[PDB]
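*Asks:* Contents of structure-v2.csv (CSV, C-alpha atoms and all ligand atoms) are given next:
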```csv
chain,number,residue,atom,x,y,z
A,4,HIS,CA,76.8,134.8,24.1
A,5,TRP,CA,76.4,138.6,23.9
A,6,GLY,CA,79.0,141.0,25.0
A,7,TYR,CA,80.8,144.2,24.0
A,8,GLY,CA,83.4,142.9,21.6
A,9,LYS,CA,83.6,143.2,17.8
A,10,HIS,CA,81.8,139.9,17.2
A,11,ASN,CA,79.2,140.0,19.9
A,12,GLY,CA,78.8,143.7,20.8
A,13,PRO,CA,75.8,146.1,20.5
A,14,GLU,CA,75.5,145.9,16.7
A,15,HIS,CA,74.9,142.2,17.0
A,16,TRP,CA,72.4,142.2,19.7
A,17,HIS,CA,69.3,142.5,17.5
A,18,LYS,CA,69.8,138.9,16.2
A,19,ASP,CA,69.1,137.4,19.6
A,20,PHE,CA,66.9,140.3,20.8
A,21,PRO,CA,65.0,141.9,17.9
A,22,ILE,CA,63.6,144.6,20.1
A,23,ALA,CA,67.1,146.1,19.8
A,24,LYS,CA,65.7,147.9,16.8
A,25,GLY,CA,62.5,149.0,18.6
A,26,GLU,CA,60.7,152.2,19.1
A,27,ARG,CA,61.9,153.0,22.7
A,28,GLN,CA,65.4,151.9,23.0
A,29,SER,CA,68.1,153.2,25.4
A,30,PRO,CA,70.4,154.9,25.8
A,31,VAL,CA,69.9,158.1,23.8
A,32,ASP,CA,71.7,161.4,23.3
A,33,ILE,CA,70.1,164.1,25.5
A,34,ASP,CA,69.9,167.2,23.4
A,35,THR,CA,69.7,169.7,26.2
A,36,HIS,CA,68.3,172.5,24.0
A,37,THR,CA,65.5,170.3,22.7
A,38,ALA,CA,64.4,168.8,26.0
A,39,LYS,CA,61.3,170.7,27.3
A,40,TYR,CA,61.1,171.9,30.8
A,41,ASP,CA,57.9,170.4,32.2
A,42,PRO,CA,56.7,172.4,35.2
A,43,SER,CA,54.3,169.6,36.0
A,44,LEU,CA,57.1,167.2,36.9
A,45,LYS,CA,57.5,166.6,40.6
A,46,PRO,CA,60.7,166.5,42.5
A,47,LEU,CA,62.1,163.1,42.6
A,48,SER,CA,61.7,161.3,46.0
A,49,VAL,CA,64.8,159.2,46.7
A,50,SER,CA,64.3,157.4,50.1
A,51,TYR,CA,67.4,155.4,50.7
A,52,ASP,CA,67.8,155.7,54.5
A,53,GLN,CA,66.8,152.0,55.2
A,54,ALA,CA,68.6,150.5,52.2
A,55,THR,CA,70.1,147.1,52.9
A,56,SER,CA,72.9,146.0,50.5
A,57,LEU,CA,73.6,142.3,50.3
A,58,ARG,CA,76.3,141.3,47.8
A,59,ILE,CA,78.6,142.5,45.0
A,60,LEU,CA,78.8,140.3,41.9
A,61,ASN,CA,81.0,140.3,38.7
A,62,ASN,CA,78.4,139.2,36.1
A,63,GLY,CA,80.8,139.2,33.1
A,64,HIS,CA,79.2,142.4,31.6
A,65,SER,CA,79.5,144.7,34.7
A,66,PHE,CA,79.5,144.4,38.4
A,67,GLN,CA,76.5,144.9,40.5
A,68,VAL,CA,75.6,145.6,44.1
A,69,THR,CA,72.3,144.0,45.2
A,70,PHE,CA,69.8,145.1,47.8
A,71,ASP,CA,67.1,143.5,49.8
A,72,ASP,CA,64.0,144.4,47.7
A,73,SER,CA,61.6,142.2,49.8
A,74,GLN,CA,60.2,145.3,51.5
A,75,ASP,CA,59.8,149.0,50.8
A,76,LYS,CA,63.3,150.0,52.3
A,77,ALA,CA,64.9,151.9,49.6
A,78,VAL,CA,62.4,153.4,47.2
A,79,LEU,CA,62.0,155.9,44.4
A,80,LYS,CA,58.8,157.8,43.9
A,81,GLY,CA,57.6,161.1,42.5
A,82,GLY,CA,59.2,162.8,39.5
A,83,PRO,CA,57.6,161.3,36.4
A,84,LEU,CA,56.6,158.2,38.3
A,85,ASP,CA,53.2,156.9,39.4
A,86,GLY,CA,53.6,154.6,42.4
A,87,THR,CA,56.5,153.2,44.3
A,88,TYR,CA,59.6,151.6,42.9
A,89,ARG,CA,61.9,149.4,45.0
A,90,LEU,CA,65.7,149.6,44.6
A,91,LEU,CA,67.0,146.2,43.4
A,92,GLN,CA,70.6,146.9,42.5
A,93,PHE,CA,73.1,149.3,41.1
A,94,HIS,CA,75.9,148.9,38.5
A,95,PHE,CA,78.1,150.9,36.2
A,96,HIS,CA,79.2,151.2,32.6
A,97,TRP,CA,82.6,152.6,31.9
A,98,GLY,CA,85.3,153.2,29.3
A,99,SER,CA,88.9,152.3,28.4
A,100,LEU,CA,89.7,156.1,28.5
A,101,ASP,CA,88.1,158.9,30.4
A,102,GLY,CA,86.4,160.3,27.2
A,103,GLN,CA,84.0,157.4,26.9
A,104,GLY,CA,82.1,155.1,29.1
A,105,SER,CA,78.7,156.6,29.6
A,106,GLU,CA,75.6,155.2,27.8
A,107,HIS,CA,73.6,158.4,27.8
A,108,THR,CA,75.3,161.4,26.2
A,109,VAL,CA,74.5,165.1,26.8
A,110,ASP,CA,74.8,167.2,23.6
A,111,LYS,CA,77.0,164.3,22.3
A,112,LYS,CA,79.3,164.5,25.3
A,113,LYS,CA,80.4,161.2,26.7
A,114,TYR,CA,81.2,160.9,30.4
A,115,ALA,CA,83.8,158.5,31.8
A,116,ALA,CA,81.2,156.3,33.3
A,117,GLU,CA,77.5,156.0,34.2
A,118,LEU,CA,75.9,154.7,37.3
A,119,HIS,CA,72.5,152.9,37.1
A,120,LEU,CA,70.3,152.4,40.1
A,121,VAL,CA,67.6,149.9,39.1
A,122,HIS,CA,64.2,150.0,40.7
A,123,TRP,CA,61.0,148.0,40.0
A,124,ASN,CA,57.4,149.0,40.3
A,125,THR,CA,55.8,147.4,43.4
A,126,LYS,CA,52.5,147.1,41.7
A,127,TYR,CA,54.0,144.2,39.6
A,128,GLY,CA,55.3,142.3,42.7
A,129,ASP,CA,58.6,141.1,41.3
A,130,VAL,CA,61.3,142.3,38.9
A,131,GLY,CA,60.7,139.5,36.3
A,132,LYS,CA,57.1,140.6,36.0
A,133,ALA,CA,58.0,144.2,36.0
A,134,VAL,CA,60.4,143.9,33.0
A,135,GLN,CA,57.3,142.7,31.0
A,136,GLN,CA,55.5,146.0,31.5
A,137,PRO,CA,56.0,149.4,29.9
A,138,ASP,CA,56.2,151.1,33.3
A,139,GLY,CA,57.9,148.2,35.1
A,140,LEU,CA,61.3,149.7,36.0
A,141,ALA,CA,62.7,153.1,36.8
A,142,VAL,CA,66.4,153.5,36.3
A,143,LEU,CA,68.2,156.5,37.9
A,144,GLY,CA,71.2,157.3,35.8
A,145,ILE,CA,74.1,159.4,37.1
A,146,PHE,CA,77.2,160.5,35.1
A,147,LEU,CA,80.7,160.1,36.4
A,148,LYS,CA,83.4,162.6,35.4
A,149,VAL,CA,87.0,162.3,36.5
A,150,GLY,CA,88.5,164.8,38.9
A,151,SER,CA,88.1,164.8,42.7
A,152,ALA,CA,87.4,161.4,44.4
A,153,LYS,CA,83.9,160.4,45.5
A,154,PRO,CA,84.5,159.2,49.1
A,155,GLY,CA,81.2,157.2,49.1
A,156,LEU,CA,82.4,155.1,46.1
A,157,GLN,CA,85.6,153.9,47.8
A,158,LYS,CA,84.1,151.0,49.7
A,159,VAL,CA,83.0,149.7,46.3
A,160,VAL,CA,86.4,150.3,44.7
A,161,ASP,CA,88.2,148.5,47.4
A,162,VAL,CA,86.4,145.2,47.1
A,163,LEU,CA,86.7,144.9,43.3
A,164,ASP,CA,90.0,142.9,43.6
A,165,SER,CA,87.9,140.1,45.3
A,166,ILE,CA,85.5,139.8,42.3
A,167,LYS,CA,88.0,140.1,39.3
A,168,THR,CA,86.5,137.6,37.0
A,169,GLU,CA,83.1,136.6,35.9
A,170,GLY,CA,81.2,134.6,38.4
A,171,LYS,CA,82.9,135.9,41.5
A,172,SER,CA,80.8,137.5,44.3
A,173,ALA,CA,81.3,138.7,47.9
A,174,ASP,CA,79.2,139.8,50.9
A,175,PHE,CA,78.7,143.5,50.6
A,176,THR,CA,76.6,144.7,53.6
A,177,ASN,CA,76.0,148.2,55.0
A,178,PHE,CA,76.8,150.1,51.8
A,179,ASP,CA,74.9,153.4,51.7
A,180,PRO,CA,73.9,154.4,48.1
A,181,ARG,CA,73.3,157.9,49.3
A,182,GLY,CA,77.0,158.4,49.1
A,183,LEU,CA,76.9,158.1,45.3
A,184,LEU,CA,74.4,160.9,44.7
A,185,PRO,CA,75.2,164.4,43.5
A,186,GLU,CA,73.8,167.5,45.2
A,187,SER,CA,71.0,168.3,42.7
A,188,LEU,CA,68.2,166.0,41.8
A,189,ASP,CA,67.4,168.0,38.6
A,190,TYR,CA,66.8,165.5,35.8
A,191,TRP,CA,65.8,164.5,32.3
A,192,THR,CA,63.2,161.8,31.8
A,193,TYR,CA,62.0,159.8,28.8
A,194,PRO,CA,60.5,156.3,28.1
A,195,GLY,CA,63.1,153.7,27.1
A,196,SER,CA,64.6,150.3,27.6
A,197,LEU,CA,67.1,148.2,29.4
A,198,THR,CA,70.5,149.0,27.8
A,199,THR,CA,71.6,145.3,28.0
A,200,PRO,CA,69.9,142.2,26.8
A,201,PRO,CA,67.0,141.5,26.9
A,202,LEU,CA,66.7,145.2,26.0
A,203,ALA,CA,63.1,145.1,27.2
A,204,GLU,CA,61.1,148.3,26.7
A,205,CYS,CA,60.1,148.6,30.4
A,206,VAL,CA,62.1,151.6,31.7
A,207,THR,CA,61.2,155.1,32.8
A,208,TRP,CA,64.7,156.7,32.6
A,209,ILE,CA,65.5,159.5,35.1
A,210,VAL,CA,69.0,160.9,34.2
A,211,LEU,CA,70.4,163.4,36.6
A,212,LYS,CA,71.9,166.6,35.1
A,213,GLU,CA,74.7,166.9,37.7
A,214,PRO,CA,77.6,164.4,37.4
A,215,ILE,CA,79.5,163.0,40.3
A,216,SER,CA,83.2,163.4,40.3
A,217,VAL,CA,85.4,160.3,40.8
A,218,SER,CA,89.2,160.1,40.8
A,219,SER,CA,91.4,158.6,38.2
A,220,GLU,CA,92.4,156.0,40.8
A,221,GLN,CA,88.8,155.0,41.4
A,222,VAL,CA,88.0,154.5,37.7
A,223,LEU,CA,91.3,152.7,37.1
A,224,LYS,CA,90.1,150.1,39.6
A,225,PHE,CA,86.9,149.5,37.5
A,226,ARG,CA,89.2,148.9,34.5
A,227,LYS,CA,91.1,146.2,36.2
A,228,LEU,CA,88.0,144.0,36.2
A,229,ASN,CA,87.8,141.1,33.7
A,230,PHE,CA,85.0,140.1,31.3
A,231,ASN,CA,86.3,136.6,31.3
A,232,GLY,CA,86.0,133.8,33.8
A,233,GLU,CA,89.1,132.7,35.6
A,234,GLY,CA,90.9,130.2,33.3
A,235,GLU,CA,90.0,132.0,30.1
A,236,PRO,CA,92.2,134.5,28.4
A,237,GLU,CA,92.2,137.8,30.3
A,238,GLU,CA,90.1,140.5,28.6
A,239,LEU,CA,89.8,143.8,30.6
A,240,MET,CA,86.2,144.8,31.5
A,241,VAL,CA,86.2,148.1,29.7
A,242,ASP,CA,83.9,149.8,27.2
A,243,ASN,CA,80.8,148.0,28.6
A,244,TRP,CA,78.5,150.7,27.2
A,245,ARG,CA,75.8,150.6,24.5
A,246,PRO,CA,75.9,153.6,22.2
A,247,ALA,CA,73.1,156.1,21.8
A,248,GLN,CA,70.1,154.7,19.9
A,249,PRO,CA,67.6,156.5,17.8
A,250,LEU,CA,65.1,158.8,19.7
A,251,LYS,CA,62.3,157.9,17.3
A,252,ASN,CA,59.2,160.0,18.3
A,253,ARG,CA,60.1,160.4,21.9
A,254,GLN,CA,60.3,163.6,23.9
A,255,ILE,CA,62.8,164.1,26.6
A,256,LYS,CA,61.5,166.2,29.5
A,257,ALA,CA,63.5,168.4,31.9
A,258,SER,CA,62.5,168.9,35.5
A,259,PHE,CA,64.4,172.2,35.6
A,260,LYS,CA,64.8,175.5,33.6
B,1,ZN,ZN,73.1,149.8,33.1
```
Translate the structure of the given file into structure tokens.
Ligand SMILES: [Zn+2]
*Replies:*
Amino acid sequence: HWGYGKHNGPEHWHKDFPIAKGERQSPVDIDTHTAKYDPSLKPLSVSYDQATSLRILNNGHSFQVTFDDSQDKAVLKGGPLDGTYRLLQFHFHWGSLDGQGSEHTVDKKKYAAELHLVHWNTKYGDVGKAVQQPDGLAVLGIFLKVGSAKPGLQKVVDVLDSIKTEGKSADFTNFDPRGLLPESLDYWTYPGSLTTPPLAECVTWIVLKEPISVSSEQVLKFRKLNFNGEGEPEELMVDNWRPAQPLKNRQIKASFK
């Protein structure tokens, strides 16, 4: 039932998911001048060399690339995290125009898109259990700005025509998520939530300071996706982003000076 439209979008979500008005909702505006540098934060450990991608799916709200998370093959550790978090999937949020599309904002600036790499804490054994825990998930967020192409994104771009409408999926093996990462792993971190229903308050957010650049042609391909199933009226999958939510007694910490 939920979506991103006038009648089912973010301002409606609290009726089905009352935690939408909770104390640790995401995304937020990152006020860079208010974030405190924390010299106790470790460098983030991103160990993606043995990642095994499986499939790409249009889920009606975004598209997602799924990984084999049955072993410790692609894991996030360190930074603000205690323990080991397995990569489950990545997906994106994007706009109808290049000046909107990100969920997090940086001093109110919106990027054209935002990549989310979703990981779950192995101490909970499975993602469904993990979303019921306050430290269940770690989502690595990466901003996309429009300029030069990101060569590592092209394999994703090129298969989107095969998953246009909701419910379509394809095999998507040997995709290397290292090709989506910026140079620097400098980050902001704070405790928050899933940014889509069920909006569970289970996420340690790790948002990288450095955006990746993608080309206009790459982002245009995202915007050709459809929210609708084949057979329903065509509605472009654009503006699939939740706006910034109240910070409410949280501190955002910076890994860098
Ligand atoms: Zn997301």
*Asks:* Using only C-alpha atoms, which of A:33, A:60, A:250, A:228 sits nearest residue 211 (chain A)?
*Replies:*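 Selected residue with least distance to residue 211 (chain A): A:33.
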*Asks:* Take CA of residue 227 (chain A) and CA of residue 147 (chain A) and report the distance between them in Å, one decimal.
*Replies:* 17.4 Å
*Asks:* For residue 205 (chain A), please output as an MDAnalysis selection string all residues within 6 Å (counting all atoms listed in the file; exclusion window: fewer than 2 positions along the same chain).
*Replies:* chainID A and resid 134 136:140 196 203
*Asks:* Show which residues sit within 10 Å of residue 97 (chain A), as a PyMOL selection string. Count only C-alpha atoms, and ignore same-chain residues fewer than 3 positions away.
*Replies:* chain A and resi 65+100-106+114-118+147+222+225-226+240-244
*Asks:* Report, in Å with one decimal, the straight-line distance from CA of residue 170 (chain A) to CA of residue 70 (chain A).
*Replies:* 18.1 Å
*Asks:* Can you tell me which residues surround region 186-188 of chain A at a distance of at most 12 Å, considering all atoms listed in the file, apart from same-chain residues fewer than 6 positions away, and format the answer as a PyMOL selection string?
*Replies:* chain A and resi 45-49+81-82+143-145+209-216+257-259
*Asks:* Neighbours of ligand ZN 1 (chain B) at 7 Å or closer, counting all atoms listed in the file: which residues, as an MDAnalysis selection string?
*Replies:* chainID A and resid 94:96 119 198:199
*Asks:* Give me the residues within 9 Å of residue 62 (chain A) as a list in words, counting all atoms listed in the file and dropping any in the same chain fewer than 2 places off.
*Replies:* residues 60, 64, 65, 66, 67, 168, 169, 170, 171, 172 and 230 of chain A
*Asks:* Which distance in Å separates CA of residue 80 (chain A) and CA of residue 255 (chain A), to one decimal?
*Replies:*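 So the answer is 18.8 Å.
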*Asks:* What residues have an atom no more than 12 Å from (51.7, 154.6, 42.4) in the file's own frame, counting all atoms listed in the file, and can you write them as a ChimeraX atom specification?
*Replies:* /A:78-89,123-127,138-139
*Asks:* Please tell me which residues are no farther than 12 Å from (90.4, 136.8, 27.4) in the file, counting only C-alpha atoms, and write them as a PyMOL selection string.
*Replies:* chain A and resi 8+63+168-169+228-240
